[PDB]
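# Overview (structure and organization)
Chain residues, written in single-letter form:
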There are 2 protein chains.
Amino acid sequence: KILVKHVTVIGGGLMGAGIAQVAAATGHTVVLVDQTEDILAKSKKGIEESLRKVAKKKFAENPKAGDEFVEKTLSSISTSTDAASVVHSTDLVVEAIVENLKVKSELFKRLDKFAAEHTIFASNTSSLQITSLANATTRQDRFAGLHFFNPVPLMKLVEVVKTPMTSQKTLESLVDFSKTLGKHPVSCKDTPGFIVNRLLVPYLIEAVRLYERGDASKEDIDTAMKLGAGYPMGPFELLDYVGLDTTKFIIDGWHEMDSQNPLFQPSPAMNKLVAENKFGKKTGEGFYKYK
Amino acid sequence: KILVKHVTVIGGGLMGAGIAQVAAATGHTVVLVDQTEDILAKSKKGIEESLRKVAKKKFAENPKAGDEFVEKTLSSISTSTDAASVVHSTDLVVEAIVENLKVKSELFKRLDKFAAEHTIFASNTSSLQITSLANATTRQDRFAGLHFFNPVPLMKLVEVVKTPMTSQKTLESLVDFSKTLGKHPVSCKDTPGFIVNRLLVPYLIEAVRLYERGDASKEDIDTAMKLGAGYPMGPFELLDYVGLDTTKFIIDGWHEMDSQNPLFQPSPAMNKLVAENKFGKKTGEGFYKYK
Ligand SMILES: NC(=O)c1ccc[n+]([C@@H]2O[C@H](COP(=O)([O-])OP(=O)(O)OC[C@H]3O[C@@H](n4cnc5c(N)ncnc54)[C@H](O)[C@@H]3O)[C@@H](O)[C@H]2O)c1
Ligand SMILES: NC(=O)c1ccc[n+]([C@@H]2O[C@H](COP(=O)([O-])OP(=O)(O)OC[C@H]3O[C@@H](n4cnc5c(N)ncnc54)[C@H](O)[C@@H]3O)[C@@H](O)[C@H]2O)c1
């Protein structure tokens, strides 16, 4: 196998900035690639802001050590606006840019030409096929899905999505890497939703459907799931936290890849808030209205 | 309305015992009923302990008022082998006997006679229609669902199921009662699974379906939902914990009542297990082996 040391992260937004911070904090050389040197500027700023928040907790009884952690860490993170030139020496490329088949495809198709032979490609896509992406390269044996959860620094889970073409050497390399990140890996097939989302989202909708038929109220349904099922958040809050447009996007996508399926029908009450920019907490209002 | 002071709890089983307990423990004057004397004894003995567990290790400050308290409470819990001889004065009958429509149905048709006027009837059924139980009487406006979660003394939720026949007086009556037990009531129509199980069980099966499909492993699914969703238990752990039969039951039932929904579509894998008495923990083997 291979030991991942140098990690190139493409896309420096929510997920990527996260994957960056974590890879660093656990002693990995990280190159953070995005489109504008200014995007990268803001990107890194946030990572610093997030690292300090973590430092006041992890080194609360010694701020000096705290301040060191942030410096040392944050230094292991370098940036670039052109992945093309920093990938001939990287061990792993973790992609987490716009959820768009066309765009990712071009990126990988291009990167497949520059990255070194041993380099592993991994997409953090929640809804596309890890197989489509992999076939946009001649490196399929070294391509997989590394699906993280937001916020990355906090979520201990990671799904290692394999296609029929992914070699066992690649996996082990990715499972180790994952652990080094202080995360816990679960093996999954290239199927819609992987594990979590496939069992979580259909559930969130059913709760909306149950609300639409008038059988119970939003408030009660949440209270019920939280106190009766032991869930951290009721389905209605959860949807507001992860964002309706995010969820809507995913659900419609599956719905197409299988329209005659009941579990994927569009929740009209859910297409309201979306078509009205009530996406969730991102925008201060969804099923609930936030301060 | 009615301020439920006296209570009758038909059935001293798992649920009955909790209700009986939590009830008396909250000022109410309970009465425990079952079929045999051997039974009634054990139920009350097992109550004591639980009370003490919420005593010995509970009541941090002053330990003293425990064996006193445990008596005050335990002392206000009569016991009969015939409900007919008691419903005469109670003002709330909570049934929690074997999950059988006929059996559960006749009992009610009977008690409807000997019962008092004001008296309210509630069933703790999880898989039957409250409406069809209420019609085994002529007190439909005072018959409702009272659904508790195991273990009663701990789980602080209670689903208050109303039939299109249940009266407003009868609901607020039950709500107040629910609240004076420290429990938090949520209202819901008489639909299958009410709220919780309606949203919980299809997910458990979906989990099992994902496994059967071969997409992932029992262990990974479990690790996934626990670490990614935040759930206390993985779908297969939880299933083995509530019993494959208990779960099989509920599903087949809702399936007959609607065989076209794929949600209720039974899982071969689960029948195969139940078909060879592997119900889970109460057998030491469900999807997992125990000892
Ligand atoms: N946020 C979630 O809830 C979540 C969870 C898991 C996985 N994901 C997946 O992660 C990916 C990104 O999600 P996000 O929330 O981090 O996104 P985002 O919208 O916060 O940021 C995407 C970043 O990608 C950059 N980008 C876009 N096109 C690019 C290109 N061609 N080259 C280089 N950089 C480019 C942007 O400039 C932007 O900073 C998606 O594929 C999505 O499916 C999202
Ligand atoms: N245990 C759960 O997870 C759960 C949760 C909610 C609701 N319920 C519902 O509660 C009811 C009982 O479940 P349980 O788990 O408490 O079972 P259980 O078997 O522990 O308790 C039922 C009690 O009823 C008694 N009984 C049987 N037939 C009787 C009759 N004709 N007259 C008087 N007493 C009789 C039994 O001897 C037994 O002690 C069912 O209707 C079920 O759907 C169960």
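Reading the values: rules and limits
- Residues numbered from 1 in each chain as written, not as in the entry; some residues may be left out.
- Chains lettered and ligands numbered in written order.
- Heavy atoms only, no water.
- Residues with missing side-chain atoms left out of burial classes, pairs and counts.
- UniProt positions renumbered as here; feature names shortened; annotations may be inferred.
- 1 Å grid on protein atoms, 1.4 Å probe; cavity = no way out; pocket = protein on both sides within 12 Å on 5 of 7 lines; lining within 4 Å.
- Helix = DSSP H or I, 4+ residues; strand = E, 2+ residues; numbered from the N terminus.
- Buried < 20%, exposed > 50% of the residue type's maximum accessible area, 1.4 Å probe, protein only.
- Points joined across faces, edges and corners; volume = space filled by probe spheres on them.
- Pairing = 2+ DSSP bridges.
- Axes fitted to C-alpha atoms, helices over the stretch in contact; angles between N-to-C directions.
- Near = heavy atom within 4 Å.
- Polar contact = N/O pair within 3.5 Å; in protein donor to acceptor, adjacent residues only side chain to side chain.
- Areas by Shrake-Rupley, 256 points an atom, 1.4 Å probe, with all protein chains shown as cover.
- Nonpolar A, V, L, I, M, F, W, Y, C, P; charged D, E, K, R; others polar.
- Contact = heavy atoms within 4.5 Å.
- Domains from an automatic or database assignment.
- Buried area = accessible area lost by both parts, 1.4 Å probe.
- Salt bridge = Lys/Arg side-chain N within 4 Å of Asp/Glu carboxyl O.
- Expected span 1.5 Å × (residues − 1).
- Arc of directions from axis to C-beta.

The name that the PDB entry assigns to chain A is PROTEIN (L-3-HYDROXYACYL COA DEHYDROGENASE), with the source organism given as Sus scrofa. Per the PDB header, the title for this entry is "PIG HEART SHORT CHAIN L-3-HYDROXYACYL COA DEHYDROGENASE REVISITED: SEQUENCE ANALYSIS AND CRYSTAL STRUCTURE DETERMINATION". According to the UniProt record, the Pathway comment for chain A reads "Lipid metabolism; fatty acid beta-oxidation." Its UniProt record gives chain A a comment under Subunit (literature references left out), which states: "Homodimer. Interacts with GLUD1; this interaction inhibits the activation of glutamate dehydrogenase 1 (GLUD1) (By similarity)."

### Describing the UniProt feature "binding site: CoA" in chain A
Residue and element names in this part refer to chain A. Those places that UniProt annotates as "binding site: CoA" correspond, in this numbering, to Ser 50, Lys 57 and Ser 126. For the annotated residues, spread through 77 residues, the largest C-alpha to C-alpha distance comes to 30.3 Å, inconsistent with a single compact locus. Lining the second largest pocket, from the set of annotated residues above, are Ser 126. With respect to the element layout, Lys 57 can be found in helix α2 (residues 37-58). Assessed through its relative accessible area of 66%, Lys 57 is described here as exposed.

### Focus: the layout of surface pockets
Taken as a whole, the second largest pocket encloses approximately 1300 Å³ of empty space. As for the second largest pocket, its lining consists of 45 residues, of which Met 15, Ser 126, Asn 150, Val 242 and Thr 246 of chain A are closest to the centre. Within the residue set of the lining of the second largest pocket, elements represented by two or more residues are α1 (14-25), α7 (196-212), α9 (235-242) and α10 (244-256) of chain A together with α8 (218-229) of chain B. Residue contributions to the lining of the second largest pocket peak at six residues, all from α7 of chain A.

### What to know about the sheet that holds strand β8 (residues 184-189) of chain A
Residues and elements named next belong to chain A. Reading across from one edge, β3-β2-β1-β4-β5-β6-β7-β8 is the order of the eight strands in this open sheet, with mixed pairing throughout. Each edge of the open sheet carries a strand with a single partner, namely β3 (77-80) and β8. Adjacent strand axes in the sheet meet at a mean angle of 25°, parallel and antiparallel pairs treated alike. Taken together, the five bridges between strand β1 (residues 6-10) and strand β2 (residues 29-33) define a ladder with parallel strand orientation.

### Observations regarding the site of ligand 1
All names here are of chain A. Surveying the vicinity of ligand 1 reveals 19 residues, the closest of which are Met 15, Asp 34, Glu 99, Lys 104 and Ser 126. Separating an oxygen atom of ligand 1 from a backbone N or O atom of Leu 14 is a distance of 3.3 Å. At a separation of 2.7 Å, an oxygen atom of ligand 1 approaches a polar side-chain atom of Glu 99. Here ligand 1 loses 73% of its free accessible area of 850 Å² to cover by the protein chains. In terms of residue class, the shell around ligand 1 is made up of nine nonpolar, seven polar and three charged.

### Some words on the site of ligand 2
Residues and elements named next belong to chain B. Residues in contact with ligand 2 amount to 18 residues; listed here are only the nearest, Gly 13, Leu 14, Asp 34, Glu 99 and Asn 124. Contact distances for ligand 2 include 2.6 Å between an oxygen atom and a side-chain N or O atom of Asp 34. Between ligand 2 and the protein, one listed contact pairs an oxygen atom with a side-chain N or O atom of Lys 104 at 3.0 Å. Counting residues per element, the ones that place at least two in the shell around ligand 2 are α1 (14-24) and β6 (143-148). Residues that form the shell around ligand 2 fall into these classes: seven nonpolar, eight polar and three charged.

### Details of the environment of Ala 216 of chain A
As for its placement among the helices and strands, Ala 216 of chain A is situated in the loop between α7 and α8 (218-229). Separated by 209 residues in the primary sequence, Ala 216 of chain A and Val 7 of chain A place their C-alpha atoms 49 Å from one another. Not counting the four nearest positions on each side in its chain, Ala 216 of chain A is found in contact with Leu 210, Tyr 211 and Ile 221 of chain A together with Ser 187 and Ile 195 of chain B.

### Overview of the domain arrangement of chain A
Residue and element names in this part refer to chain A. Per the domain assignment, the segments of chain A are domain 1 (1-196) and domain 2 (200-286). Relative to domain 2, the C-alpha centre of domain 1 lies at a distance of 29 Å. Each partner contributes to the interface: domain 1 provides eight residues, whereas domain 2 provides six residues. In total, about 480 Å² of surface goes out of reach between domain 1 and domain 2, with carbon and sulfur atoms giving 67% of it. One can count zero salt bridges joining domain 1 with domain 2. In terms of residue class, the side of domain 1 that touches domain 2 is built from three nonpolar, four polar and one charged.

### Quick word on helix α4 (residues 101-114) of chain B
Residue and element names in this part refer to chain B. With 14 residues, α4 extends 21 Å between its outermost C-alpha atoms, agreeing within 8% with the 20 Å of an ideal straight helix rising 1.5 Å per residue. Buried within α4 are the following residues: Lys 104, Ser 105, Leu 107, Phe 108, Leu 111 and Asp 112. For α4, the buried positions fall inside an angular range of 160° around the axis, keeping them on one side. Residues of α4 that are exposed and point over 90 degrees away from its buried face: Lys 102, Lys 109 and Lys 113. The backbone nitrogen of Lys 102 has a side-chain oxygen 2.9 Å away, supplied by the residue at the start of α4, namely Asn 100.

### What about the pattern of salt bridges?
Residue and element names in this part refer to chain A. Counted by the stated rule, this structure contains 36 salt bridges over all chains. Here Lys 53 ties to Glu 49 by a salt bridge, and the two come within 3.5 Å at their closest N and O atoms. One end of the pair, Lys 53, and the other, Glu 49, are both in helix α2, four residues apart, so they sit about a helical turn from each other. For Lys 226, the salt bridge is made with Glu 237, and the minimal N-O distance between the two is 3.4 Å.

### Describing the sheet that holds strand β3 (residues 77-80) of chain B
Read from one edge of the open sheet, eight strands run β3-β2-β1-β4-β5-β6-β7-β8 (chain B), paired in mixed fashion. The sheet terminates laterally at β3 and β8 (184-188) of chain B, the two strands that pair on one side only. The sheet shows a mean angle of 25° between the axes of neighbouring strands, direction not considered. Pairing of strand β5 (residues 120-123) of chain B with β6 of chain B involves three bridges; the strand directions are parallel. Looking at the pairing, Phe 121 of chain B lines up with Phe 143 of chain B of β6 of chain B. The strands that α8 of chain A touches are β7 (157-161) and β8 of chain B; relative to β8 of chain B, the one it contacts most, it runs at about 130°.

### Remarks on the interface of chain A and chain B
Facing 37 residues of chain A, the contacting portion of chain B comprises 36 residues. Between chain A and chain B, roughly 3200 Å² of surface is buried when both sides are summed, and carbon and sulfur atoms account for 69% of that area. On inspection of chain A and its partner chain B, the count reaches two salt bridges. A salt bridge links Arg 198 of chain A to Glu 206 of chain B; its shortest N-O distance comes to 3.0 Å. Applying the counting rule to chain A against chain B returns seven residue pairs in polar contact. Counting residues per element, the ones that place at least two in the side of chain A that touches chain B are β8, α7 and α8 of chain A. Here the side of chain A that touches chain B is composed, by residue class, of 23 nonpolar, seven polar and seven charged.

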